[PDB]
Amino acid sequence: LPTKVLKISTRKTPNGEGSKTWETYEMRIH
Amino acid sequence: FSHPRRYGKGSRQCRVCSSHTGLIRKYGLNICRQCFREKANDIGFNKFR
Amino acid sequence: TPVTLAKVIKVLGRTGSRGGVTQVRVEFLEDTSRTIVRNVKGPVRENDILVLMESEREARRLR
Amino acid sequence: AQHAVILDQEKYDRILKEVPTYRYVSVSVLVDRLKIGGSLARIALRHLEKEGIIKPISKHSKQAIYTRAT
Amino acid sequence: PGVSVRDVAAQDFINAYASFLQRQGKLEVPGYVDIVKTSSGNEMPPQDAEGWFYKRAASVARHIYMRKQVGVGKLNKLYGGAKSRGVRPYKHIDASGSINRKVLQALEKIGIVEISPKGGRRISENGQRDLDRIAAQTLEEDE
Amino acid sequence: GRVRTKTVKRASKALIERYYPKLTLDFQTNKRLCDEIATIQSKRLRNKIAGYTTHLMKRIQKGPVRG
Amino acid sequence: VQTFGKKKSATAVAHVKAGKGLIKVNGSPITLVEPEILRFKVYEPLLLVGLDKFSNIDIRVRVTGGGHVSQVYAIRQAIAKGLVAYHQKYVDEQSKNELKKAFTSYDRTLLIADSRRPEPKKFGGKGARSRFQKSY
Amino acid sequence: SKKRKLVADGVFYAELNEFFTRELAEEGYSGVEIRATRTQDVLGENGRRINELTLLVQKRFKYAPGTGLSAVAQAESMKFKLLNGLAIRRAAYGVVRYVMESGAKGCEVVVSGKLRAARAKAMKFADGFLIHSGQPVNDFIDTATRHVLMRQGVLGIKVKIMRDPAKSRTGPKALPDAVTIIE
Amino acid sequence: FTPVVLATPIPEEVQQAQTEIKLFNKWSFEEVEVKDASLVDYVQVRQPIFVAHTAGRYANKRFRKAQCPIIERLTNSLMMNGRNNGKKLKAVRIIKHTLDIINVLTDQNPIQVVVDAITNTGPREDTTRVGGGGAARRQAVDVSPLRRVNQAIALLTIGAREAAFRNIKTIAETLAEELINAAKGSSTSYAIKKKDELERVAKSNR
Amino acid sequence: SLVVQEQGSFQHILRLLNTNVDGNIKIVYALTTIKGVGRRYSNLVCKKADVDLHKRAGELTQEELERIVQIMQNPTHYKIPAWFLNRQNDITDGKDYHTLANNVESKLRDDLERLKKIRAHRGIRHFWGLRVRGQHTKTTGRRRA
RNA sequence: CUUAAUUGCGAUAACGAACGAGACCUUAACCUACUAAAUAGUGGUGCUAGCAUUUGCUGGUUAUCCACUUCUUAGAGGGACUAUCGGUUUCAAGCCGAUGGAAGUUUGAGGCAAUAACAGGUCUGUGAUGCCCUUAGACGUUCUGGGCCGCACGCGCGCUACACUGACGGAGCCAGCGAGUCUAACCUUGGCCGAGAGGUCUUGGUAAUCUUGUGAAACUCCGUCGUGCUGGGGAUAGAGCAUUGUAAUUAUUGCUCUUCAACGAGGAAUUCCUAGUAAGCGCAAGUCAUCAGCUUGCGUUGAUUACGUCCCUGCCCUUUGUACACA
Ligand SMILES: [Mg+2]
Ligand SMILES: [Mg+2]
Ligand SMILES: [Mg+2]
Ligand SMILES: [Mg+2]
Ligand SMILES: [Mg+2]
Ligand SMILES: [Mg+2]
Ligand SMILES: [Mg+2]
Ligand SMILES: [Mg+2]
Ligand SMILES: [Mg+2]
Ligand SMILES: [Mg+2]
Ligand SMILES: [Mg+2]
Ligand SMILES: [Mg+2]
Ligand SMILES: [Mg+2]
Ligand SMILES: [Zn+2]
């Protein structure tokens, strides 16, 4: 089967200061 | 001592905080983003690229 | 707008404060003992062909 | 509004005696030689398209290309 | 000479054979042609005034012929271009669905198409007739 | 650039300090030689671990070398 | 004897065999192209080569993906990687060797499955490499 | 669904350990799998804790009447030891004294907070060989981090260990640098 | 001229362009003559393209930038202004559009006069400047080969759309007598009205 | 079309009910230049008032505008549906109206001075000169005058 | 010297080492190969629809048969090593070409990440929180209503543009990335009412099956308006119909008609950028009861130019000076 990645793009910081850096976690099913 | 609060953000609360802030209503988990990454890897959500 | 020519031999180096201007050693076909360095704004490299407007008064390291 | 309303039979001769000596004329060239505007003559140049002394080239859209008979 | 509508390409087949249902007499238009716009995302009407749909119909019969059923939705998704939303960006607006509804109730009003089992509109045996009728006559005219 | 690390080379010198008899004089012929005699945990490392043993023997005919 | 034709997201599964004669693109034959400008682009897999006797062709090509241009390359490569693939285990070789020679002296992405693919978007930026205008 | 499902495999798998280093910590918890440090006080007074909340596992979580080489076990191994009271100077070297000759490559322990109320002590205690980093760390480390709540200024540990890649016990057999042959 | 069709409609007005006098897709491609020594090997012409849309890997490296036809490289030097960057098919339609306009005046075959219209086009010498910081001392250097093609194939659009802004005449309707002007060395064009001007700094700075 | 001849047929610009309507531009777009009628409006009125809009109001006559000047002075009669016109449901007589003339603002300041006549906040703001419609008057429309 | 790099050649009072970089890991490509399927895609048959009609054109056949692994997808793996040969090396380390070519900027793009820092941001994420302040006319929690958006004004990320490579109008019709409903209302085909907004009616779909070929847009083919601020422009502004929601007033949002403001390519400045890049285009997902001119991504279309230097702005390594060590 084709696998579908589950992606949750959330910004890396709790507050709203820094550079606007994001990061995508994956869930890889099969 | 209560009035209609059916939908919206006052409706949904964080599982770990009841924090109405930062909700992520994706995949039926319902936690805020401040909150999630702390409890991230233990769900099988990892980082590859 | 007059006439004359020369053309390329082999690259040596860059100049200009910004490193844009390049000058390099090239040669004239007829009477082949002809050679002196010369800067050209555009891109050159081994065996291209020059274009000027005067015959011979060369430039040197652009400060 | 500036020049060329719809009428001018005043020097209507240039309809045909236009196309040679500068081989090329086409769609906007209509407004070139101190003549017209472009809304009552945009459709003009198939009067001689169907008969005369001129030569076909193109069938684009937004365009035109034509020189006289050779 | 071995002819299919799927052997003559885009508006060759539709912007000329609309002459034929241009030519089928029965006016069949519910009283709003010259006075509509074909979709929500449009600022001025079609331009063939007493027409534009004597020619729109064929595009319906165009896509329906070639493969199986299409429907109400799948033909709002074509004529909906980029909308001048105002001073906001463009979008894929959705084309009209009501003119695309007696696009069919006035389409069998000459009988060319049928309806579909899977939910839709499948090309009819009489539909296969006429479009293979119309395409076999246009080529022996010009090259 | 194009310049291999020390684990590419310090291995490549430890090959032929006692294994002067062996090897070939080029890459394809030779690269299933390198899946052969180390516990290389990378298809791509021994891939390039032959790209450096290239010239150790390509200029075996132009002078033995360092160490 | 079958192949693919790939420029981008558009992959033209290229049927070829000694078949029927048509020049199809998902739909209708060479009839229905309609760039009508770049119409001449799929016109270089069989013109510096034999011009015809292809009533025994399988020139079905379905370009599902890409775009109008994405898929024009996809079918001339679909033909390339499938016409040259006819004379590979079906018919003589020294005309495959001697007209894929005529391809590559003019090669325009024929049997070259194009290595060039898009780049992901990097956050904090308009598209992939561009960024937001710097504020001070 | 299936997406909203395999998440719920894990997001149920998650809140558990929120409920585990809260209730079974003093009773010596290591990790769900139930990995543990101490293991009687998890059962209870022959029955006091075994079922005190399996009976609450249901009447909260929709059920019915009837259905030292790890850091997360070592970052609380002796997190008690601090809030009970010892020197934070030698106690920390004890744990990296401990695991290191347990055939283990590398270990590292930090304590962050107010030793004395200032811009706050952050001293660090290492020992051994700690690969970091690339992919070979996900394989070879364990690190835990537990907030320590003492009466004047919260502090916090960040323990790290590493598996001896030689006696690996699973997966890769050594560092991906590995080189060796015979003379 | 090999007159044959196969089982699909081939108007043979097409199987004619190349197993004949193999010309352009519609123009005599062989009397293709360069009018200058400034730019040979640096304008590509011959071999030809049928369509000026070879989407090849020609800017991958440094100086493969010009081994595709000058027909091609000027395709690209036009489609810009943001509104039409990208969008290559609005360009190559017009090049094979007005390539016809060139075989009109004194027929002279369009692409013969194209490289005749890189005679007077880019610069003979511009004058780069010296570091300093001040009066902008620019000591003159003569031109290199590829920037009397490249910035000649750019000094043909640097201000060539300024005669299409809120005015009437179409884009393609232009270049033939900019073409001949660059082939004739005129008084009114851009590409020669501004190389002479790129050398109002001409024989002053040596 | 083609050669249409004519010497003085066309009374270009010709006053369509107190509007200067110049002739060189087509009639459907010449009444853009008329109040209360826009690009769409003169496509309906000039289409069911049965005059082929391939042409110019300048050329036409004093006649074929005459029945445009009525089929929209009261479009409620012959084949003009009930939303192509400014003032539906009038708002005081129900009788559907349209505002055309040097009168659009003489009706677009009829109510822009009636809830400006009864203490409605939705008028107060274009009275004070600000963008009424819940728009951020902070960053934009600052000069405007 | 050289490299993206304390990357290496070399030189050497160093020698041999470990961390960092690298290796490692994810992804976008190619395999005509083994391993593969009405959930994928293609021929083909008991046969069925239409043009020409000595057999092809184009299909149709949701519990009608037969085939295939080329496409797709992806299990196991293969393959790029700068391989080979030139140009320049010095002795090399290597850098600029060329052919092979699926693949030449580390193959492209990323994930990780040393030793140390800094009163940097978050108590407005945490049932993380020391200590204080507070704890019954409460700063706790709630109910009602308003406010964060309020405009002589400056500024920052932006969207719609100034129009003839354009706008309007048929129309050809091309993606890829992706999400979706049990104590329930999520993804809506397909009907049908509608001017559209929307209504209504079923229906498929817990999802390679249905929505979905998300029949996207730029686009583009065919027409149209001939350069005013004119329709370019859609701002302000009036009137009417809907959709969410106890609740849309200070327009949530949409569709229709009238309105039609600058703006005529933007000063001093300033940003981003080297290849499927810039840029244009629209699409999903997050947000979401609702609402994009936002965000994270995505593919369609695809250039110019350099494949270089310190001139500016900055950073790193040496040398040097110091009365600084709070540096
Ligand atoms: Mg709260
Ligand atoms: Mg359009
Ligand atoms: Mg508009
Ligand atoms: Mg600034
Ligand atoms: Mg400032
Ligand atoms: Mg690394
Ligand atoms: Mg701080
Ligand atoms: Mg705010
Ligand atoms: Mg501003
Ligand atoms: Mg619906
Ligand atoms: Mg407006
Ligand atoms: Mg935002
Ligand atoms: Mg500097
Ligand atoms: Zn939370």
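The rules behind each value
- Residues numbered from 1 in each chain as written, not as in the entry; some residues may be left out.
- Chains lettered and ligands numbered in written order.
- Part of a larger assembly, values for the part shown.
- Heavy atoms only, no water.
- Residues with missing side-chain atoms left out of burial classes, pairs and counts.
- Helix = DSSP H or I, 4+ residues; strand = E, 2+ residues; numbered from the N terminus.
- Rg over C-alpha atoms; globule rule 2.2 N^0.38 Å.
- Buried < 20%, exposed > 50% of the residue type's maximum accessible area, 1.4 Å probe, protein only.
- Contact = heavy atoms within 4.5 Å.
- Areas by Shrake-Rupley, 256 points an atom, 1.4 Å probe, with all protein chains shown as cover.
- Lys, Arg positive; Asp, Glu negative; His and termini not counted.
- Charge placed at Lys NZ, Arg CZ, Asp CG, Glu CD.
- Buried area = accessible area lost by both parts, 1.4 Å probe.
- Salt bridge = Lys/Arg side-chain N within 4 Å of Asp/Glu carboxyl O.
- Nonpolar A, V, L, I, M, F, W, Y, C, P; charged D, E, K, R; others polar.
- Pairing = 2+ DSSP bridges.
- Near = heavy atom within 4 Å.
- Polar contact = N/O pair within 3.5 Å; in protein donor to acceptor, adjacent residues only side chain to side chain.
- Domains from an automatic or database assignment.
- Patch = residues over 30% accessible without salt bridge, like charges linked within 9 Å, V, L, I, M, F, W, Y side chains within 5 Å.
- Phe/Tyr/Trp six-rings, centres within 6.5 Å; stacked < 30°, edge-to-face > 60°.
- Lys NZ or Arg CZ within 6 Å of the ring centre and 35° of its normal.

As a further point, take the overall build of chain C. Scanning chain C from N- to C-terminus turns up zero helices and three strands. Listing each helix as α and each strand as β along chain C from the N terminus yields β-β-β. Whereas a compact globule of 63 residues would reach a radius of gyration of roughly 11 Å, chain C reaches 12 Å, a difference of no more than 12%. With the C-alpha coordinates of chain C rotated into their principal frame, the extents come out at 35 × 25 × 15 Å. Counting all 63 residues of chain C, 38% fall into the buried class. Contacts spanning at least 24 positions in sequence make up 33% of the contacts within chain C whose residues lie at least 6 apart. When the accessible surface of chain C is totalled, it reaches about 4,200 Å², and 52% of it is carbon and sulfur. Each charge sign in chain C was given a centre, from 13 positive and 8 negative side chains, and these centres are 11 Å apart.

How big an interface is tends to be reported as the loss of accessible area on association of its parts. Each partner contributes residues to the interface: chain C has 23 residues there, and chain I has 26 residues. Summing the contributions of chain C and of chain I, the shared interface buries around 2,200 Å²; its carbon and sulfur component is 60%. Linking chain C with chain I are two salt bridges, by the criterion used here. C:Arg38 is the partner of I:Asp142 in a salt bridge, and the nearest nitrogen-oxygen pair spans 3.2 Å. Looking at the side of chain C that touches chain I residue by residue, the classes come out as 12 nonpolar, three polar and eight charged.

All names here are of chain G. Going residue by residue along strand β2 (residues 11–15), you find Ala12 and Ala14 tucked away on one face and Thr11, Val13 and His15 left uncovered on the opposite face. Two elements, strand β1 (residues 2–3) and β2, share two bridges in a ladder whose sense is antiparallel. Within β2, the position partnered with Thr3 by the bridge is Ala14. Across five bridges, the pairing between β2 and strand β3 (residues 60–64) is antiparallel. Bridging across to β3, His15 finds its partner in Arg60.

Here the focus is the pattern of salt bridges. Evaluated as defined, the whole model comprises 38 salt bridges over all chains. For I:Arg200, the salt bridge goes to I:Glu197, with nearest N and O atoms at 3.0 Å. Taking relative accessible area as the criterion, I:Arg200 reaches 67% and is therefore assigned exposed. Taking relative accessible area as the criterion, I:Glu197 reaches 38% and is therefore assigned partly exposed. A single salt-bridge network, built from bridges that share partners, covers J:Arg87, J:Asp90, J:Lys107, J:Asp110, J:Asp111 and J:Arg114.

Now for the protein's contact with RNA strand K. The local shell around RNA strand K holds 275 residues, among which B:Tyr7, G:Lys24, G:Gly66, G:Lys81 and J:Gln135 are the closest. For RNA strand K, the backbone portion of the atoms within 4 Å of the protein, that is sugar and phosphate, comes to 74%. B:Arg6 places a side-chain nitrogen or oxygen 2.5 Å from a phosphate oxygen of RNA strand K. Residue J:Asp90 places a main-chain N or O atom 3.5 Å away from a sugar or linking oxygen belonging to RNA strand K. The element best represented in the surface near RNA strand K is helix α3 (residues 43–58) of chain F, accounting for eight residues. Its residues assigned to classes, the surface near RNA strand K comprises 80 nonpolar, 92 polar and 103 charged.

Residues and elements named next belong to chain H. According to the domain assignment, chain H contains domain 1 (10–67) and domain 2 (71–167). Here domain 1 and domain 2 have C-alpha centroids that lie 26 Å from each other. Buried surface at the junction of domain 1 and domain 2, both sides included, amounts to about 450 Å², of which 46% is carbon and sulfur. Sorting the residues of domain 1 by area buried against domain 2 places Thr21, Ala25 and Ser30 first, and these three jointly supply 54% of that buried surface. Counting every contact that joins domain 1 to domain 2 gives zero salt bridges. Here domain 1 and domain 2 share zero residue pairs in polar contact between them. Considering only residue class, the side of domain 1 that touches domain 2 consists of two nonpolar, three polar and two charged.

Together, E:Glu141, E:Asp142, E:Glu143 and I:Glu13 give the surface a local cluster of negative charge. Given a relative accessible area of 57%, I:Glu13 falls into the exposed group.

Residue and element names in this part refer to chain C. Among the six residues of strand β2 (residues 22–27), five are classified as buried, and the element is accordingly described as predominantly covered. One ladder, built from five bridges, connects strand β1 (residues 7–14) with β2; its direction is antiparallel. Each residue of the ladder has a partner; that of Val8, found in β2, is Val26. Note: β2 against strand β3 (residues 39–40), two bridges, orientation antiparallel.

So, about the interface of chain I and chain D. Each partner contributes residues to the interface: chain I has 13 residues there, and chain D has 11 residues. Summed over both sides, the interface of chain I with chain D buries roughly 1,000 Å², with 59% coming from carbon and sulfur. Taken together, the links from chain I to chain D amount to one salt bridge. For D:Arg23, the salt bridge is made with I:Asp107, and the minimal N-O distance between the two is 2.7 Å. Where chain I packs against chain D, one counts four residue pairs in polar contact. Class assignment for the residues of the side of chain I that touches chain D results in five nonpolar, three polar and five charged.

It is worth spelling out the packing of aromatic side chains at this point. All told, the structure shown has 14 aromatic pairs over all chains when counted by the stated rule. When the ring of G:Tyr86 is compared with that of G:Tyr90, the centres are 5.4 Å apart and the planes differ by 90°; the resulting orientation is edge-to-face. Aromatic rings pair up to connect G:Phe40, G:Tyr43, G:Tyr106 and I:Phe50 into one cluster. Cation over ring: I:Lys26 sits above I:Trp27, and NZ or CZ is 3.5 Å from the ring centre.

Residues and elements named next belong to chain B. Structurally, the position occupied by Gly8 is in the segment before β1 (23–24). Judged by its relative accessible area of 22%, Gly8 falls in the partly exposed class. Once the C-alpha coordinates of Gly8 and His20 are considered, the two residues, 12 residues apart in sequence, prove to be 9.7 Å apart.

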